[PDB]
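In: Experimental structure and sequence below, a few questions after.
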Amino acid sequence: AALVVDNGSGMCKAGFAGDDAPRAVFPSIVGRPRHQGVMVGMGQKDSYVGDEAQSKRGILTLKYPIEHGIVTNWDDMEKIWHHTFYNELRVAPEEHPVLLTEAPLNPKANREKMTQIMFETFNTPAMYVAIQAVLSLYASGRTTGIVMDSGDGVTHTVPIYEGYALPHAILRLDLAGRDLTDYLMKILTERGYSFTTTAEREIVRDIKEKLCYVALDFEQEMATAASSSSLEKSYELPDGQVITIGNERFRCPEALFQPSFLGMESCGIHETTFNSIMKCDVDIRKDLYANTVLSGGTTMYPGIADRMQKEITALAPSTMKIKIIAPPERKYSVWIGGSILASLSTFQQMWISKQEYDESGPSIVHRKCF
Amino acid sequence: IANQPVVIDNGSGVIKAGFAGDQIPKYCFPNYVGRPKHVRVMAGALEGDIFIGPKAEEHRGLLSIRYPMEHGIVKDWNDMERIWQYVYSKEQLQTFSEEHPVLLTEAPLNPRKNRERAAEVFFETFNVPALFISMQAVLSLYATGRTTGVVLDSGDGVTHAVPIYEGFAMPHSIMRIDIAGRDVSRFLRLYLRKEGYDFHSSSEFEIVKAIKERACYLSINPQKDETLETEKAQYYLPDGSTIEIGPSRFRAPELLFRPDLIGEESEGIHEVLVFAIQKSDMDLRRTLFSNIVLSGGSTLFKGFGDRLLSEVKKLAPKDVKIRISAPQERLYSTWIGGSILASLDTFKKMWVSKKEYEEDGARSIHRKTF
Amino acid sequence: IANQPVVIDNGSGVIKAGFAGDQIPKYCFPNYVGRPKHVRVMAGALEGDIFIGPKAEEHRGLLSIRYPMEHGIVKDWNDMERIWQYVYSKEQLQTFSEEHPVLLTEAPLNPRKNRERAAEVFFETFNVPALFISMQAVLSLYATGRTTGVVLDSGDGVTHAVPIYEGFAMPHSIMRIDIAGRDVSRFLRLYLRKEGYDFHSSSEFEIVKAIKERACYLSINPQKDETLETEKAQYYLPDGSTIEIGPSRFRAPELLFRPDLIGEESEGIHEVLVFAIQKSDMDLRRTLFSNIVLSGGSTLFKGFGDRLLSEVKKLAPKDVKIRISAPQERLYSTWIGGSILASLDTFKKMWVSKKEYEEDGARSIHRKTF
Amino acid sequence: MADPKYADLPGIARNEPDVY
Ligand SMILES: Nc1ncnc2c1ncn2[C@@H]1O[C@H](COP(=O)(O)OP(=O)(O)OP(=O)(O)O)[C@@H](O)[C@H]1O
Ligand SMILES: Nc1ncnc2c1ncn2[C@@H]1O[C@H](COP(=O)(O)OP(=O)(O)O)[C@@H](O)[C@H]1O
Ligand SMILES: Nc1ncnc2c1ncn2[C@@H]1O[C@H](COP(=O)(O)OP(=O)(O)O)[C@@H](O)[C@H]1O
């Protein structure tokens, strides 16, 4: 009946309500070609979208519409929604209701503009905007627990206890997968593997997904890298060329735990989660320590849950029992939560309608959200 | 309609409940209504929006707690109606208000308007067959089995001393103060902020009570303890962060003896006990000195009775046998005597029936109590 | 050794210094320690690597600013020692610490450990002959010339109302809340991210303070301003890029009156002013209402004094003469009174001498301040 | 007996010694 559409900054995920996993999965990209006066043969698309842009990557200027969970170009975001509904899902938006997701502490105008596009342009019967962390917690099954959500757009934390979100203890963070990908691309240039153009941005992203892992101890990993060359793995590109890097596997995702490398002057993901828990009430800290949930693609590095356990225990008192909930399906946890929320019978009375939107306007969504 | 009557022992700190002819109250829980601070975004949360008893004790951090009674005087009448409804409801008693007669309790010399409005609640909103209101001192002596006795009690709200002699309560010898356990806990909180560790929220306030219950003692000589340097004992929170209490643990209960510390010139516990014996007649004084009974929670401090003896030795006439008695069950002494009073056959004569209340009104309730 | 004594008006936001008997403090600079983010490659650069005062204000963007003092409680003691050393150095005062006595200032109901550590710094690291710690309320009344009146103050750290009647400060009626200018500036930043124009860096944080100082106002009726739609007035940043502020300008300083917005159940300024008057004895209340003195920078919002009076009219008893007075120099109120107090001949009796500290220790400082 | 709060070793009472 209802459609769930997790508009992620990287991978735009979408499908149906009451499902195990999403059908439509693709990178939210809109590649426009090299505009030269020379002609093109047997016709082509003026602006590609999704997997088509990824396939024909070499030529196209890959521009993401969402930057840090914030929609910059709205015409680009409108084309991706259109690509999700008609091409991938093969179903009109007028029949099915549409669950959407944004990160917490976003601009207030973005929900209003997102909702305006759904009702005016797409003619949706009913829509809703949920917090990503709230859905990630709902996919995991627990009512209680903090959610250290981390995608390519935005890392953020939302502490919740017994089905009561703590909006003032929320802490949004500028560090994310895209900033890690840019950092890996820079340190690759330092060892003679220069990647400037946006076509190579996806190759270094794919290198980041495969090889990189979180260090248990950074100074120890740096010492072993200088001594031995067993850690130095090789990755072959789409092209037959193959490259080898030693230091850059553990050093790339260390930027999460040490933002000083990127030049952000912010708290690391390990202590940002701690600072979120300390901002909550003193009586409900034990359960937040016990249920330290992870979600998103930036939590898919091997050994990240072990590093979070080391750092949070180091920050917190010795008496506390720290525990990180790190499921196998944490990459697609936000969408799974939306599918379970859409499947419930209580959610049928929580939708916005066309008549309610015509009466109120875009400002009705802020009341419905939280 | 003479079913097994209910014994509701009221009080600002704790509210004891149960049936007549029992050894100990089965239903003891703290007297406050808890309502959630935060927003409930996620479904499957703690329903009701009003938390009383063990749910409120379990989920403190969510709830903005507020005490309905201050100094044995209910300020918020809607909150006490909800608590008395919760007492009767299926979560505690599992019985109707229509079946059983009610035994209510109040501190002496309280506002008569509050006693009238209490009766109005039990007769109109609840449909009670018969109500009876009684004193704390008379009930404490019922539990011990005595008739002669000065009852120095110290609850959360009120401290007072009613001198009874062979079943003759002297109303004009009653000495009362509005300085008690809550003010000592509030005074301890103020000291802890001066030490360093700040507590401000209402859920966060009950941690200070738990510190006061556990780690506090009364020094026999306070000037000697001042001149000496303390050891600074530790305490663990529900969070796990350690707190060095210091001299605030011994200086906190000095509010009971020196009420000039809070900045409110009253008599004090020891002076109230002496003044109650002095205001009574000449021949009754020596019997009243021999029978001094203790009750309430703020008599449970370490070295309380030892210091209360020494203060009586300082004030009272020389070469007189002082005996400050104090049963094992001091906290439930008032409830036990009510259960004993309810079980006796004379109880039927003392109460105010619903028919008598409908005919006369408040005047009949004022006549039957005294 | 009785030289012209130094006044050091301590504060979280701003620190003000000079000598006794002066009309206005000559040396007003912000209380923080800027340290450079970027690496210094080229020679002939800014030397020292620890920036305090006008150099730090001039070169914001280079320096990672961090405040040592939060809520009148120094966390980073090494930074405050460097600030006090910078005050005494040739860049500001051009004097030795050994010659002059010191008048330090602190907020009421602070941690006593900070007061001892403050004294240790002045007596041992600096070699001060005599030190004296005083309250902000008592000094503000010295500046005006009065003895009676409540002193409502609101700087960057603390908001506290001290009722003083004819040279008698009542310590048990001193109300305090940690909801001052810094929390308002932090709440304004969070609102500007909701508007769209996000700020994250520490040098970039002081732009929000400049926005808070310039373009903000406290409305009389907040519900009426919520129903009406704002005009979205502009403000130009130090760069040049314009910012449409919107409803974030007026709802930001509402935090001072409504502390539930940030997520911390406290009194608020208007409740603290009433509560301080109500905690005092009956006969002094009407004189305390007639004499209300404002102070600090967070009382300088547009329509603040008008809102304070409306809130006092709502809470306080009817038909009572309310009068909220203030000095012309509200920021320099506490320093001028200290300079007056220092120049008095009695000041010699009040202070803690170096010899007295070496003999007794912390006890003599706790005996002389209060 | 059953219930949360009790005091162990205070004694029932504190009494002054009886002289002749
Ligand atoms: N196996 C992996 N290891 C490390 N990083 C990964 C891995 N897979 C994906 N990523 C990173 O995470 C991103 C995947 O996005 P994700 O599935 O978290 O949803 P999203 O588009 O970030 O939306 P949201 O912000 O709602 O999570 C990629 O852009 C990539 O940089
Ligand atoms: N062991 C203890 N030591 C010190 N104080 C206690 C102890 N137990 C309870 N109290 C205090 O006494 C209060 C409970 O006393 P109680 O007689 O039940 O008051 P009331 O009957 O007026 O509700 C609590 O609020 C608590 O602060
Ligand atoms: N005109 C103004 N309007 C609003 N806020 C101001 C204004 N001027 C200063 N402030 C705020 O108040 C603070 C100054 O108050 P002050 O009492 O000097 O603080 P401190 O606690 O450091 O002594 C500044 O840090 C600033 O944030």
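Out: Ah, there it is. Numbers count the residues shown, from 1 in each chain, chains lettered A, B, ... in the order given. Ligands and ions are numbered 1, 2, ... in the order given.

In: So residue A:326 versus residue A:288, what's the distance?
Out: 16 Å (C-beta to C-beta, to the nearest Å). Just so you know, the C-beta spots here come from the backbone N, C-alpha and C atoms, and that holds for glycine as well.

In: quick one, which of these two is more surrounded?
Out: With other C-beta atoms under 10 Å in any protein chain shown as the criterion, residue A:326 and residue A:288 differ in neighbour count, and residue A:288 comes out ahead with 25 against 18.

In: neighbouring contacts of whichever strand or helix holds that one?
Out: The secondary structure element spanning residue A:288 is helix A:286-290 (assigned by DSSP states H and E). Applying C-beta atoms under 8 Å, 6 or more residues apart in numbering or on different chains, the contact partners of helix A:286-290 are A:144-146, A:159, A:161, A:277, A:280, A:312, A:316, A:320-323, B:238-239.

In: redo that, cut-off 7 Å
Out: Among residues not part of helix A:286-290, those counted as contacts by C-beta atoms under 7 Å, 6 or more residues apart in numbering or on different chains are A:144-146, A:159, A:161, A:277, A:280, A:316, A:320-323, B:238.

In: which secondary structure elements does whichever helix or strand comes after it contact?
Out: Along the chain past helix A:286-290, the next helix or strand (assigned with DSSP H and E) turns out to be strand A:292-295. The criterion is 3 or more C-beta pairs under 7 Å, 6 or more residues apart in numbering or on different chains; DSSP states H and E, and the helices and strands that strand A:292-295 contacts are helix A:132-140, strand A:146-150, helix A:304-315, strand A:324-325.

In: what does the helix or strand that the second one is followed by rub up against?
Out: Reading on from strand A:146-150 to the C-terminus, the next helix or strand found by DSSP H and E is strand A:155-158. By C-beta under 7 Å, 6+ apart, the surrounding residues in contact with strand A:155-158 are A:103-104, A:131, A:133-134, A:146-149, A:165, A:170-173, A:175-176, A:269, A:272-273, A:276, A:298.

In: wait, does strand A:155-158 contact ligand 1?
Out: No. Contact check for strand A:155-158 against ligand 1, using C-beta under 6 Å from any ligand atom: none in range, with a minimum separation of 8.8 Å.

In: Distance check, residue B:313 against chain D.
Out: Distance of residue B:313 to chain D, computed by C-beta to the nearest C-beta, to the nearest Å: 8 Å.

In: what's the closest of the helices and strands packed on strand A:292-295 to residue C:12?
Out: Judged by C-beta to C-beta, the one of the helices and strands packed on strand A:292-295 that comes nearest to residue C:12 is helix A:304-315, at 25.0 Å.

In: Please name every helix or strand in contact with that closest one.
Out: When contacts are defined as 3+ C-beta pairs under 7 Å, 6+ apart, helix A:304-315 sits against helix A:269-279, strand A:292-295, strand A:324-325.

In: Tell me if it is near ligand 1.
Out: No. Helix A:304-315 is not in contact with ligand 1 by C-beta under 6 Å from any ligand atom; minimum separation 8.8 Å.

In: Buried residues, that helix. List them.
Out: A:304, A:305, A:307, A:308, A:309, A:311, A:312, A:315 (16 or more other C-beta atoms under 10 Å in any protein chain shown).

In: quick one: that helix to chain centroid distance?
Out: 22 Å (C-alpha atoms, centre = their mean, to the nearest Å).

In: Equivalent analysis for stretch A:143-161, please.
Out: With C-alpha atoms, centre = their mean, you get 11 Å for stretch A:143-161.

In: gap between the two ends of that stretch?
Out: Between the opening and closing residues of stretch A:143-161 there is a gap of 7 Å (C-alpha to C-alpha, to the nearest Å).

In: Okay, and residue 5 sits in which element?
Out: You didn't say which chain, so I picked chain A. When secondary structure is defined using DSSP H and E, the element that contains residue A:5 is strand A:3-6.

In: wrong one, I was asking about chain D
Out: With DSSP H and E as the criterion, residue D:5 is inside neither a helix nor a strand.

In: right, so of the helices and strands packed on helix A:304-315, which gets closest to residue A:98?
Out: Within the helices and strands packed on helix A:304-315, the stretch nearest residue A:98 is strand A:292-295; the backing value is 21.5 Å (C-beta to C-beta).

In: Neighbouring strands - and their directions - for the closest one?
Out: Strand A:292-295 has its sheet partners listed here by DSSP bridges as strand A:146-150 (parallel), strand A:324-325 (parallel).

In: now could you export just the CA positions of it as CSV?
Out: What follows is strand A:292-295, C-alpha atoms only, in CSV (Å, rounded to 0.1, in the frame of the first residue of the first chain):
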residue,chain,number,x,y,z
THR,A,292,24.5,2.0,21.7
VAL,A,293,23.0,1.2,18.2
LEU,A,294,24.9,1.8,15.0
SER,A,295,23.4,2.4,11.5
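
In: Could you list the residues in contact with that strand?
Out: With contact meaning C-beta under 7 Å, 6+ apart, strand A:292-295 is reached by A:136-137, A:140, A:145-149, A:273, A:305, A:308, A:312, A:323-326, A:330, A:333-334.

In: who touches residue 5 in this structure?
Out: No chain in the question, so chain A it is. Neighbouring residues of residue A:5 by C-beta under 7 Å, 6+ apart: A:14, A:84, A:98, A:99, A:100.

In: um, chain D though
Out: Per C-beta under 7 Å, 6+ apart, neighbours of residue D:5: residue B:331.

In: Just the strands from the chain, written as ranges.
Out: No chain specified, so I'll use chain A. Along chain A, the stretches classed as strands by DSSP state E are A:3-6, A:11-16, A:24-27, A:98-102, A:126-131, A:146-150, A:155-158, A:171-173, A:233-236, A:242-245, A:292-295, A:324-325, A:352-353.

In: my bad, the chain I had in mind was chain D
Out: Assigned by DSSP E, the strands in chain D fall at D:13-15.

In: Once you drop chain neighbours, what's closest to the residue in the stretch 51-200 of chain A that chain B sits nearest to?
Out: Residue nearest to chain B within the stretch 51-200 of chain A: residue A:163 (2.5 Å; C-beta to the nearest C-beta). With C-beta to C-beta, 6 or more residues apart in numbering or on different chains as the criterion, residue A:163 has its nearest non-adjacent residue at 2.5 Å, and that residue is residue B:45.

In: Give me the neighbour count for that neighbour.
Out: 19.

In: what sits against residue B:17?
Out: By C-beta under 7 Å, 6+ apart, the contact set of residue B:17 is B:8, B:25, B:27, B:87, B:92, B:93.

In: Just give me the neighbour total for the first one.
Out: By other C-beta under 10 Å, the residues close to residue B:8 number 23.

In: Contacts made by the helix or strand harbouring it with the rest, please.
Out: In this structure, residue B:8 is located in strand B:6-8 according to DSSP H and E. By C-beta under 7 Å, 6+ apart, the list of residues contacting strand B:6-8 from outside reads B:17-20, B:87, B:100, B:102-104, B:335, B:338-339, B:342.

In: Neighbour-wise, which one of these leads?
Out: Using other C-beta under 10 Å as the contact criterion, the top neighbour count among the contacts of strand B:6-8 goes to residue B:338, which has 32 neighbours.

In: Quick one: list the elements packing against the host helix or strand of that residue.
Out: According to DSSP H and E, residue B:338 maps onto helix B:333-343. For helix B:333-343, the packing partners by 3+ C-beta pairs under 7 Å, 6+ apart come out as strand B:6-8, strand B:102-105, helix B:136-144.

In: Cool, thanks, talk later.
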